[PDB]
Ligand SMILES: NCCC[C@H](N)C(=O)O
Ligand SMILES: NCCC[C@H](N)C(=O)O
Ligand SMILES: NCCC[C@H](N)C(=O)O
Ligand SMILES: NCCC[C@H](N)C(=O)O
Ligand SMILES: [Mn+2]
Ligand SMILES: [Mn+2]
Ligand SMILES: [Mn+2]
Ligand SMILES: [Mn+2]
Ligand SMILES: [Mn+2]
Ligand SMILES: [Mn+2]
Ligand SMILES: [Mn+2]
Ligand SMILES: [Mn+2]
Ligand SMILES: [Mn+2]
Ligand SMILES: [Mn+2]
Ligand SMILES: [Mn+2]
Ligand SMILES: [Mn+2]
Ligand code: NA
Ligand code: NA
Ligand code: NA
Ligand code: NA
Ligand code: NA
Ligand code: NA
């Protein structure tokens, strides 16, 4: 009624905001010349699919402040210039809270996040890097990348958790279920999960069902050489990388909802990302919880540096 | 100039979104009936006019979380029910960071902010409670309130500092120059400044020159009775309440950019607000810096409860 | 079968026997020194599971004891009593609440154990119980136990941001938000003065009006302060019980709470009320200190400890 | 007089042991009624910190550990796949009421004897095996003594710690947390003592290791020693293996909530590489020296302590 | 024993260092003059007479950083300019840890503290404001001011504690015996102890024995009107103010070694200082413990603003 | 002009204080007999050459406290006894803030630091270990060591940053330029920078210009065997080791002005220091920022243990 049409006008004005801002970043990259791919940040400030704490809703603006901190320089480790738009642009945040606040259901909210990602991909040669937000957001992002490209992607999923519960606590959009949604829908072929150390019988059974390659930290000593020399995406249209910050031991990343000892070092993660051979078509950095971070924002710098090194990898 | 016209498509859509949200809230309040005035939150995540720290840019979403925290109930001290839209609605945040990012200068930003305030006012019978954001925003909110209403207002300005510097560090939009801009444009008649304990010889000269009633904490013992029995707005369009969070002793409100000992207690602030007779037309809660808050968000709960009590006074 | 309830009973009985043996030694110490009319004895009830928001008060009583004896402090109360005199303060320790919960004991029988533990202290004359919470749910079994033992209602001074008189908060009758409904329902309290109230809803006020509760809100503290720094309670009944939720204090003074509620009393405001109260105090509690929410140096532990020290000087005589 | 004092204390001690015995009896009956278990980890808390040389914070640890084991952020499966809500995998007989026993004047010899008897009460309920939550490292002595006396012979011990804890009498306290492994080696309770993660030791510690034939692995040789330490075999021919983990075996990056910050320690993953690969019939274990008052505001060291307890439980239970 | 020539030239070089900087500060003040009194800061970074924590050793450099923090203005509540050397100069810190390390005894160390205070006074028109350090430093500072002026002073002593034990734990220089030492020496006519709330039998007896006026917080309701209208020094050499930061409720000043609930507000102390009628000849601000302070240095700001307000009272 | 006269009397007393203390330590070392080399701590509390925060100004006293903490023992990892003066003495802190305050320029302040180092070196057989302070101090320290020994040294520089900017933000004494100053003076033959992970085009170009061996964390897997087997100083005057605490991953060393994820573990650094073959003639531990440390001083312990293990290596 009056309501459904009111909701459509807020949704439409939200998509228009992303569309106009993408257009300006696309024109800016196309004007400078030569880029084959150019990382564009899209923020999805959503936390209500979280099982424990909703703090990731507040992450994307903290991440951006950390990327540009006066304490850092603008060069990535392998020497890309983050001030160059062909390396990194930013189309801003999906207005999630404003959409929820007007009574929009999750089916439609997640549809708006997909469309938001399509708006970036439709500006050549931008490729999306999504700032979460809780891990529920990887389903509408991966769906949007798969649909746009016209086939399943191979995924590298860095996570303490496999996020492959059929329906965690009745919520099909649970942050603990988004890789079940992705695999059910035929949006991914290979799913490599690395850093896994919190998994139950359902996680293992769902892993076998979907053909997932689950690397547990209890075999990391033996798996490290293979994980520091990954080659992904041959025979599919691209590779997507999803990083839950909780792939890192809490010593490196305390600013997470799920503290799970025995994880990767920051340098372990960069060894995997730097050495990965892959046509990276998209990526996300999720589950940064600023409310659980240190008083000085150490996990914000962790999330920012992951974003920066993913941008170097995506942009070419 | 393809970008200069493109800036306008970002602004148009930015304001479109505020209006589309404003109408839905408008409609729900008019459906319910009986409201003369209805507090509607409008966030202004702007901190780049700050002299020391830009942390208030992150405040409005934290304030909103604290209002609805499971630890609290939805009753105000007086007994007003915050779940009733006649009492409180929220039109969300102005996308200041997106606007800044598409290269728009401060003139047009502050005008977009003024226009956004006007969009809420044009939806009867909503009255704007702006969540700052640094002090800089009061000037465009007040100008927009003063323009819409057709003439000057009187201001209750609760703050440790007086913020009437002519031009502070060469920025005319400085959070320290905001009330100099307001007085200069005759948007205010009586400016009552309360909780003042950080003032310089320029602060006093400008206060006399604009005929400002500056109450210093030095005389609070004698002043309390007068301060706890205030009446304002007779002969004017209305009364604007600008509450900088540092009016409170840092013991109550650590989460600010300027720690200034010898402040008000939270109860002192409620004594003043509960007792003040005013036609309140507009109110801001500013300078709340989450990056300076306690790990448990004590200042977020302070900001939230001042918003709640301010909304129980504005709503009628 | 009923092998379950009987096994639970053996654990409950052993739990109560341990409080009995501890209370006896403290009793015998106070009697052997001689001259006490009343001797504050601490009983901890490390219980958090009736909270609506955070269960951290389950951990408070050990932290409060540490703060009472911190080497940064001396052993004198403000009005000059010696806390090292067992006649002024003793400690019978903690009800083993978690271990009773862990063997499947329901809340009715668990609250019965708390009551029975309070009686066991009262039955070593001249001990009077000062209970360390724990969440505010515990005041119900404590006040029930004191009233039943003294054989009549008491007057209660209740210092709290919240009135805690929901008929059944979230369906739990033992909710920390319902303990003073449970108390007034049972006729264990004649007068109930609630002081520091600044978070209350229509049901709060309707339940206030129903049970004859005197609700002093902070929006009228300027006016009410003279009368509140001059209380007299308990005349014509068995005595006065003082319940202090640490959230009566503004969070500036007491951040270590589950419910941050700006606009509360100063610590000095609470000692003015306590010091000047005229009352034969038969029991007290300090509840809702949440160590998990405290500063890293334990400021709220020192607050809860000093409230305990000033209540002990008041109860001991 | 002053001998009647000892009789009142004995009433508190007996009431304390009776309470542990009754809790242990329900846990043993539950495990046995479910059937099939050969061994079932049962937690025993010993909230003792007064033998500490710097901070007594470990007295507050056991309840914080239990909370973290059941934290709603976590799931109930161990890394290897054991279900912690199965009583045959984990039960909990609660805490020894240490503070109350100290508070009625009981001397340290009698208090440590209570800790020993409490451990035996768990072991007496077949098939429970004790996993002790400290508490400072002093408690390892009475625990290891009870396990050895009850099994009727020596155990091999894996001791994970920044410190060897083998001073004869640290600051005149024979029950010092820095002397508990001297107490253990003097009593004949151990065949092998392997000390892993050592990085704070002096000549007295090295001399005491030689005197008792302790095998001391220092972090300065961890590059060389790692393969050996990640393939340990212990307890063949004796009553089994006891594992004592001082949380300060971990670099303080991983475990800040300790009284003794000693940079250059093991990663959490390094410790699980050692535990997971250890071949051992583990007859008991402890997790000690978690200091909640030195932890982060979010309890990161509580979650470290809890995950060590959970992984040990998965190893003890079978 | 060539340690004597060393100990001696270490001491001489320490004293030289203060003489030289006093000479420069004096010259700068008279250079453009018309000042009767000018406040000069002297740090005594001494904490080893503390009974619990020694953290006050580190305070004086932290107080200086807070006085000149970019978040603050250079004007005092009354309106004096701290950049004006006539109002405030700074002669740096007595090298206490350096004198300690060469094996010098507490008797001689405290003499150095005394000598160092006289160096500031010997340089007209400088008046010493000492940044502690623990409360032991007040004995030698008051000794120096009294001997230099040749007569006793009236002393306003703000503290949770009376610091008047005969020999706390066997140390006659205990921070808990400074006022026993002062009273035994005849340096004070009147001693007013304000904010007392941790006192035992020995505290009351020593008080009665020395004629000390002990204001306990439990009578502050009745004493406030009187404490906010003091008059001291009339007839004797002048007024010394000693301020233990723990005079303030820990809500206002958590950065102390002794947390003692139920203290004064920051505005309470300012009401006492602003209305104190007195010729103030010296003052100290002691027992700030930076190791117990909040992460953002609230108590540092609290000690700095006491120093700034004291300097506005002392300078003229 | 008598200002200039004043400054020289202050510098002289400042040097006179280091001379006399170093005399007492040399005499003590010489009287115990047998030492070839004896580590002597010299503190340089200087932060104003920092680009981001001046916290390291406060570091040296907090390091000393950590070295002697009652939670620790006095043996190093390889068994040296820190209470033996032949293993460790301390000549205390260059009075940096007193020299700045009397208006001395950075040229002369840096020369004072050089002179303070030589005063240690002139007391046989002390060798200097300097506690920073920000990285700017390495230049005047190495310049003094090289001038004193009459030739160049090899340097091991442990840092996240190369600090080799020509003129970072206009300041030739920038903490980000001190190795450009060192390499321009010919004070060093080899400069091995280890743990580098924040470097731009200028850092790389300047590295090539001065022949710097730049070991980046992105090749640490490959490089680790060679870095745990270093031999330096053969055919030159010896080896100087500079340790920026931010060489460590912020997981281990959060108390730094520059959070840079993906660094060395503590054990990594000790594997390098313990296996290094070198005649170490001097060392520094710089850029510990206590205002960014944990509430319990974790980074203070890290800095203390680096100092302790360097002392074991320097003393012989
Ligand atoms: N994304 C994190 C989900 C955590 C959940 N407790 C699990 O079992 O994984
Ligand atoms: N709004 C804050 C203004 C602070 C400024 N340093 C001043 O001197 O006023
Ligand atoms: N300066 C503080 C002294 C504190 C001591 N516990 C006392 O009894 O006063
Ligand atoms: N377990 C901690 C003991 C620490 C002691 N300072 C030692 O030297 O071992
Ligand atoms: Mn996930
Ligand atoms: Mn995860
Ligand atoms: Mn302002
Ligand atoms: Mn302000
Ligand atoms: Mn309550
Ligand atoms: Mn309450
Ligand atoms: Mn140990
Ligand atoms: Mn240890
Ligand atoms: Mn004092
Ligand atoms: Mn004091
Ligand atoms: Mn550096
Ligand atoms: Mn660096
Ligand atoms: Na989450
Ligand atoms: Na600001
Ligand atoms: Na609670
Ligand atoms: Na300990
Ligand atoms: Na002290
Ligand atoms: Na720095």
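Here chain F follows Swiss-Prot for its numbers: 27-342, in order, are the residues you see.
A Cβ is built for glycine as well, from the same backbone N, Cα and C atoms used for every other residue.
Within 10 Å of the C-beta of residue F:190 (L-ornithine binding site) we count 28 further C-beta atoms, all protein chains included. The L-ornithine binding site annotation in Swiss-Prot covers F:77, F:96, F:97, F:98, F:99, F:189, F:190, F:191, F:224.
Close to residue F:270 (Mn(2+) 1 binding site) in the fold, though at least 6 residues off in sequence, lie F:161, F:183, F:184, F:185, F:186, F:187, F:189, F:312, F:313, each with a CB less than 8 Å from its CB. Under the heading Mn(2+) 1 binding site, Swiss-Prot lists F:161, F:185, F:189, F:270.
If you look up Swiss-Prot, you'll see F:185, F:187, F:270, F:272 marked as Mn(2+) 2 binding site. Following the DSSP three-state reduction, the secondary structure of residue F:185 (Mn(2+) 1 binding site) is coil. Residue F:185 (Mn(2+) 1 binding site) counts 26 other C-beta atoms within 10 Å of its own C-beta, drawing on all protein chains shown.
The substrate binding site annotation in Swiss-Prot covers F:195, F:196, F:197, F:313. Within the same chain, residues at least six positions away from residue F:197 (substrate binding site) with a Cβ under 8 Å of its Cβ are F:75, F:203.
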Are any of the binding-site residues F:161, F:187, F:189, F:196 near ligand 9, with a Cβ under 6 Å from it, and if so which?
none
I need the least crowded one of these binding-site residues (F:189, F:195, F:272, F:313), counting other C-beta atoms within 10 angstroms of each C-beta.
F:195
Cβ-based proximity (under 8 Å) of the binding-site residues F:99, F:161, F:190, F:195, F:196, F:224 to chain A, or none:
F:224
Taking every protein chain shown into account, which of the binding-site residues F:77, F:97, F:99, F:224 has the largest tally of Cβ atoms within 10 Å of its Cβ?
F:224
Cα proximity to residue F:97 (L-ornithine binding site), best match among binding-site residues F:195, F:196, F:272:
F:272
Which whole-number value in Å describes the distance between the Cα atoms of residue F:77 (L-ornithine binding site) and residue F:195 (substrate binding site)?
8
Which entry in the list of binding-site residues, F:161, F:187, F:196, has its Cβ near the fewest other Cβ atoms, using 10 Å as the limit?
F:196
Cα-nearest neighbour of residue F:224 (L-ornithine binding site) within the listed binding-site residues, F:195, F:196, F:272:
F:272
May I ask you to pick out the binding-site residues among F:99, F:187, F:270 with a CB closer than 8 angstroms to chain D's CB atoms, ordered by sequence, or 'none' if no residue qualifies?
F:99
Rounded to a whole angstrom, what is the C-alpha distance between residue F:272 (Mn(2+) 2 binding site) and residue F:196 (substrate binding site)?
24
Residues close to Mn(2+) 1 site centre defined by F:161, F:185, F:189, F:270, Cβ within 8 Å:
F:164, F:183, F:186, F:187, F:188, F:201, F:202, F:204, F:205, F:268, F:272, F:312, F:313
Rounded Cα separation (Å) that holds between residue F:195 (substrate binding site) and residue F:99 (L-ornithine binding site):
43
Between the Cα atoms of residue F:99 (L-ornithine binding site) and residue F:196 (substrate binding site), find the distance and write it as a whole number of Å.
45
Within 8 Å of the Cβ centroid of the Mn(2+) 2 site residues F:185, F:187, F:270, F:272, which other residues of the same chain have their Cβ?
F:161, F:184, F:186, F:189, F:221, F:224, F:271, F:273, F:282, F:284, F:286, F:313
Secondary-structure category, per DSSP, in which residue F:197 (substrate binding site) falls:
coil
